[PDB]
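All values below come from the heavy atoms of this structure, side chains included, with hydrogens, waters and symmetry mates left out. Reminder, nothing fancy here: chain letters follow the sequence lines and each chain counts from 1.
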Amino acid sequence: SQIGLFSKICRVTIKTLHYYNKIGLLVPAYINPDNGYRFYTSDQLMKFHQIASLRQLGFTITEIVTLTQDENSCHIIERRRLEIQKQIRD
Amino acid sequence: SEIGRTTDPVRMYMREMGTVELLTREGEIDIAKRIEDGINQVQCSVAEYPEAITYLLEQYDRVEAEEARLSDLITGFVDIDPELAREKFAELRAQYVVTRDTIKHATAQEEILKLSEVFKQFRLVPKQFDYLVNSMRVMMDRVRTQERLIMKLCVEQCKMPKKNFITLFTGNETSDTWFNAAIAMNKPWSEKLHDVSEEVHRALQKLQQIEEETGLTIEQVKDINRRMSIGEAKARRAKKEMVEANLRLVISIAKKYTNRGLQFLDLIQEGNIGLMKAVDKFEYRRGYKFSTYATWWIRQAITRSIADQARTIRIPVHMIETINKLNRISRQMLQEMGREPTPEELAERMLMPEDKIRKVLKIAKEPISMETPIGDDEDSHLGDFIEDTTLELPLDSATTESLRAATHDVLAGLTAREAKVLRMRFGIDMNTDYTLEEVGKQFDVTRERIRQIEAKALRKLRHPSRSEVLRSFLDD
DNA sequence: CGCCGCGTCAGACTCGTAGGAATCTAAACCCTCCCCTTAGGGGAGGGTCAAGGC
DNA sequence: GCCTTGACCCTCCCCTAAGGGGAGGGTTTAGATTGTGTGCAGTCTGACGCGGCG
């Protein structure tokens, strides 16, 4: 599945997939060596769903990287929760 | 015979181009079959060298864990979904391993040939197959270049007989057993190279690794490579017969591009390059005619070369296409309105903002010749009216010199320190101006003291005693 | 080898203003690279302002 | 006056988060198509080099 098909499957922009590959949040399953074409797989969609689930809670991207690459991060969800209530008061 | 009668290279090309007759639906098919048999022969001659198959199975176990996909390793099978390739790769691995141990010597020619004919089944992607054949070319050409450096040194010494230097060199392959027989004639030439008999070793003892790195004999490698050469010359002679038969198709397509900046033979040659690409990419097993596929590549090459080299100031392909789209929208709006549209409405029928379309309209113009006759005369041309705008006016040069003289005069009427830091702060009679810190360090003084000195010197020069010469060099 | 008709090549005035030439023409993909977006933060490099010290 | 000194101040350049927008570059595209396509010219006269006949 090329990036155009994956961007329509995911309902997200292509530049979003380019950014997520650049930062290392969502890396394509196979990148064509000569062209550079990124190809994706169902196992990449299972991870973009997690990315979207966390990003809809207002987590910053780096917080999403820390949450999906390193487990036992319950202090980060508490930091985001406290910041959300503080922002609600404000 | 028409030889020597015309000067036109178009007529010469058409004349030599029409000496090849068109192919039938059946002629394209067996020319394509000749190409595929040449490439199959190259592959079955590659199969004799094992490390290429080892690299290919490396690629397959990389496809297993998806370091790559086999859609980039094989385009299909002949007697792509990834399940049949497992069967064929397993049966090929079971062949390579059952060939690896059987070494003897007549028995060694059964398994290599059956592995060749069972490796024939894989019709690879061009990239991997080209990598394998180029790898074998590099192996054989380094082996061959030390093979003829063996004779390079023998020419370095003296007169070179090698008519019978080859007699028992063939087959020994381990030691100087062939080398000792050369001095056995004791003709003077057989002297020379023998006192280089030690220096030759690291050539034919570098063979000491490579005959242990390839497994097969020197002429076995050389002759499977000459069979590769025969196969690729068969596939190349068959590609030449398919290009030469279809040049009328290129002229047929190229005649529709004739006045868009490129000349007719330029278009024909670019379409010929496209046609050669089409011959490389054509598949006759799809049942289509060669014209159907080749028209795409010929038109691609011609339109791409028009976008590349039809203009003096090259426009990129994206802007070339924006210009073309704007032009046909203008044609439609001129027909449906009887009036040439304005960029406002030309930007409403298109999807683009008006300021983008204004610069697209300003971007597409070809330069005028400066040999254009002005007045449609032949004595005055456009280049006669164009002025050098980079020239300094002689009154401006004379003003510059008078200003240099006047500032020299007023800087002579200051202290030596103040005039020095004021000629150093600015670039006056130096090649570079300086900062407060550089002037200060050259004086071993601070930045702020130099600032004070130059501010005081400027205040001195502000007085009308020292200013009336310089105030004349200013304007309203 | 010597001469005759044929193919070819090279030349042919200086002031003002008007004053050019105007046809023809892929699309869908992908990539990298560069600049852009808040509301300012941080730093490098280079100047400037009053204090005085001799 | 010459010289430091500490505090300020300026512009300029790069950075921020999460991509947007666009420029400029590659690649393929499978019904079948198989030889361009214009003029234009009312010059004369030398003069030179050459095929072809004698």
Side-chain angles (χ1 to χ4, degrees), chain A residues 2-5 12-20 22-23 25 31-32 34-38 55 60-62, chain B residues 8 10-11 13-15 17-18 20-23 25 245-261 264-265 267-268 275 277-278 281-300 302-304 306-307 310 315-321 323-328 331 356 364 366 368-369 372-377 379-382 385 417 435-438 440 443-456:
Chain A
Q2 280 162 9
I3 182 165
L5 201 67
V12 77
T13 305
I14 282 186
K15 311 286 273 185
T16 303
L17 292 174
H18 281 177
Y19 182 74
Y20 289 177
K22 183 179 68 169
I23 65 174
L25 189 52
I31 294 171
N32 188 229
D34 46 327
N35 282 328
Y37 288 16
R38 300 167 181 82
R55 210 188 58 152
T60 61
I61 285 307
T62 317
Chain B
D8 206 0
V10 192
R11 278 223 194 95
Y13 174 67
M14 297 265 182
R15 173 171 79 227
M17 181 274 314
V20 196
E21 39 176 341
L22 306 179
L23 302 159
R25 172 70 166 258
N246 286 89
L247 309 168
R248 277 176 200 86
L249 186 58
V250 175
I251 303 178
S252 160
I253 298 170
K255 59 173 278 170
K256 323 167 179 313
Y257 297 91
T258 48
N259 283 287
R260 317 163 40 172
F264 187 42
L265 266 181
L267 307 157
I268 285 176
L275 161 77
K277 186 144 194 200
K281 298 218 161 302
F282 178 64
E283 287 167 5
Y284 76 104
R285 300 186 182 279
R286 303 216 192 182
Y288 308 117
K289 289 199 66 48
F290 177 75
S291 173
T292 298
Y293 190 52
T295 304
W296 283 106
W297 286 109
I298 295 161
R299 293 196 108 89
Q300 183 258 329
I302 297 177
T303 56
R304 180 52 166 240
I306 292 176
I315 320 292
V317 161
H318 77 102
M319 193 54 57
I320 283 297
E321 285 170 3
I323 291 165
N324 288 354
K325 168 183 189 175
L326 180 67
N327 286 355
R328 70 176 180 268
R331 261 185 267 180
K356 178 71 168 65
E366 169 83 10
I368 322 163
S369 186
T372 292
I374 293 303
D376 279 6
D377 299 333
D379 59 356
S380 70
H381 293 138
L382 175 54
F385 300 99
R417 186 192 200 87
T435 59
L436 297 166
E437 184 174 1
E438 300 161 59
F443 282 47
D444 204 320
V445 185
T446 49
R447 315 187 287 133
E448 170 57 27
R449 181 54 182 148
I450 295 299
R451 199 199 65 86
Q452 291 175 76
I453 296 171
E454 66 99 20
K456 176 176 40 168

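Annotated as stacked: the bases of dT4(D) and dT5(D), by the 5.5 Å centre and 30° plane rule. Here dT17(C) and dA18(C) show stacked bases; the six-membered rings are centred less than 5.5 angstrom apart and their planes meet at under 30°.
Not one side-chain nitrogen or oxygen of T303(B) sits closer than 4.0 Å to the OP1 or OP2 atom of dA26(C). Phosphate contact (OP1/OP2 of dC31(C), side-chain N/O of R38(A), threshold under 4.0 Å): present. Under 4.0 angstrom from either OP1 or OP2 of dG47(C) there lies no side-chain N or O belonging to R451(B). At the phosphate of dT25(C), OP1 or OP2 sits under 4.0 Å from a side-chain N or O atom of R331(B). Between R25(B) and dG31(D) there is no side-chain N or O to OP1 or OP2 distance below 4.0 Å. Within the structure, every side-chain polar atom (N or O) of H318(B) is placed at least 4.0 Å from both OP1 and OP2 of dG22(D). In this model, the phosphate group of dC30(C) is approached by a side-chain N or O of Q2(A) to a distance below 4.0 Å at OP1 or OP2. An OP1 or OP2 oxygen of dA26(C) is reached within less than 4.0 angstrom by a side-chain nitrogen or oxygen of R260(B). OP1 and OP2 of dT25(C) both lie 4.0 Å or more from every side-chain N or O belonging to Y257(B). Close to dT23(C), at under 4.0 Å from its OP1 or OP2, lies no side-chain N or O of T258(B). For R328(B) and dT23(C), the shortest distance from a side-chain N or O to OP1 or OP2 is not below 4.0 Å. Here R304(B) reaches the OP1 or OP2 of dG26(D): one of its side-chain N or O atoms lies under 4.0 Å away. Proximity of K255(B) to the phosphate of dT36(D): a side-chain N or O atom is located under 4.0 Å from OP1 or OP2. Using a 4.0 Å cut-off, some side-chain N or O of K456(B) falls inside it from OP1 or OP2 of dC2(D).
Pairing of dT25(C), defined by two Watson-Crick or G-U wobble distances under 3.5 Å, is not identified with any nucleotide. With a cut-off of 3.5 Å on both pairing distances, the Watson-Crick or G-U wobble partner of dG47(C) is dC8(D). In this structure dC54(C) sits in a base pair with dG1(D), meeting the Watson-Crick or G-U test at under 3.5 Å. Both distances falling under 3.5 Å, in either a Watson-Crick or a G-U wobble arrangement, occur for no nucleotide opposite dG31(D). Nucleotide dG11(C) forms a pair with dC44(D), judged by Watson-Crick or G-U wobble geometry with both contacts under 3.5 Å. Base pairing annotation: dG41(C) forms a Watson-Crick or G-U wobble pair with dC14(D), both donor-acceptor distances under 3.5 Å.
Between the P atoms of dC40(D) and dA10(C), the separation comes to 24 Å (whole Å). Rounded to a whole angstrom, the distance from the P atom of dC15(C) to that of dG37(D) is 46 Å. Of the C1' atoms belonging to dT38(C) and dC15(D), the separation is 13 Å, rounded to the nearest Å. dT38(D) and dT23(C) have their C1' atoms separated by 14 Å, with the value rounded to a whole Å.
With the cut-off at 3.5 Å for both distances, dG5(C) forms a Watson-Crick or G-U wobble pair with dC50(D).
Among the protein residues, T372(B) comes within range of the sugar-phosphate backbone only, with heavy atoms under 4.0 Å from sugar or phosphate atoms but none that close to a base. Within 4.0 Å of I368(B), counting heavy atoms only, lies no atom of the nucleic acid at all. Backbone-only engagement by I3(A) is indicated by non-hydrogen atom pairs under 4.0 Å involving sugar-phosphate atoms exclusively. Heavy atoms of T292(B) sit under 4.0 angstrom from at least one base atom. Within 4.0 Å (heavy atoms only), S291(B) reaches at least one base atom of the nucleic acid. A245(B) comes within contact range of at least one nucleobase, with a heavy-atom separation under 4.0 Å. Note on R285(B): nothing from the nucleic acid sits closer than 4.0 angstrom, heavy atoms only.
Side-chain atoms of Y257(B) and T303(B), non-hydrogen and from C-beta on, do get closer than 4.5 Å to each other. Inter-residue side-chain proximity for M17(B) and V250(B) is flagged as unmet; no heavy-atom pair is nearer than 4.5 Å.
By the 5.5 Å and 30° criteria, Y293(B) is stacked with the base of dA30(D).
Atom CG of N259(B) and atom P of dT38(D) are 9 Å apart (whole Å).
Residue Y37(A) is positioned with its side chain in the minor groove, as judged by a heavy-atom distance under 5.0 Å to purine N3, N2 or pyrimidine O2.
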Requested in this report: Decide side-chain contact (heavy atoms from CB on, under 4.5 Å) for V20(B) and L247(B); before the verdict, give the C-alpha distance in whole Å, the side-chain angles of both, and the deciding distance to 0.1 Å.
Outcome: CA-CA 9 Å; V20(B) 196; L247(B) 309 168; 5.9 Å; no
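No more than 12 heavy atoms of other residues, nucleotides or ligands lie within 6.0 Å of CD in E437(B), so this atom counts as exposed by the packing criterion. Counting non-hydrogen atoms of neighbouring residues, nucleotides and ligands closer than 6.0 angstrom, the CD atom of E21(B) reaches no more than 12 such neighbours.
Considering only the side chain of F385(B), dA18(C) comes nearest among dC49(C), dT36(D), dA18(C). Minimum atom distance to the side chain of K277(B) is reached by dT28(D), of the listed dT5(D), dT32(C), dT28(D).
Looking at which nucleotide of DNA chain C each of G36(A) and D377(B) is closest to, the 5′-most match is held by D377(B).
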